[PDB]
Amino acid sequence: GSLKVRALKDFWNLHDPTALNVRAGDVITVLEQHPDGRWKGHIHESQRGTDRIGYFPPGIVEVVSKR
């Protein structure tokens, strides 16, 4: 893993333990690489304990810069 992606779109979902919390512009460190449908990643946080593992579609993220 150790792959990093940028959030082009936001992802916010509550009442779901597998949901990820990310805002557009933030970076996610994914343990997955070349997934199918959706993958699990870790939010790049400064405070330990913040957003551990969440599932999200690779369609809303990319490693390169935006427009």
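All residue numbers start from 1 on each chain and follow the order of its written sequence rather than the entry's numbering, and residues without coordinates are excluded. Side-chain figures throughout are based on the complete set of non-hydrogen atoms in the structure, without hydrogens or water.

Looking at the PDB entry, the protein chain carries the name Caskin-2, with the source organism given as Homo sapiens. Looking at the header, the entry is titled "NMR solution structure of the CASKIN SH3 domain".

Secondary structure is summarised from DSSP: a helix means a run of H or I of at least four residues, a strand means a run of E of at least two, and numbering begins at the N terminus for each. Inspection of the secondary structure puts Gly-1 in the segment before β1 (3-7). With relative accessibility at 62%, the residue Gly-1 sits in the exposed group. Separated by 20 residues in sequence, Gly-1 and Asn-21 place their C-alpha atoms 19 Å apart. Contacts are residue-level and defined by heavy atoms, with any inter-residue pair within 4.5 Å sufficient. Among residues more than four places away in sequence, those in contact with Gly-1 are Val-30, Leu-31 and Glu-32. Burial classes follow relative accessibility: with a 1.4 Å probe on protein chains only, a residue under 20% of its type's maximum area counts as buried, one over 50% as exposed, and anything between as partly exposed.

What follows deals with the sheet that holds strand β4 (residues 54-56). The criterion for strand pairing is that DSSP finds at least two bridges linking the strands in question. Taken in spatial order, the five strands make up an open sheet running β4-β3-β2-β1-β5, and their pairing is antiparallel. Both outer strands of the open sheet, β4 and β5 (61-62), are each paired with one neighbouring strand and no more. Where β1 meets β5, two bridges bridge the pair, whose relative direction is antiparallel. Within the sheet, the bridge partner assigned to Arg-6 lies in β5 and is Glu-62.

Phi is positive for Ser-2, close to 65 degrees, though the residue is something other than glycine. Position of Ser-2 relative to the elements: it lies in the segment before β1.

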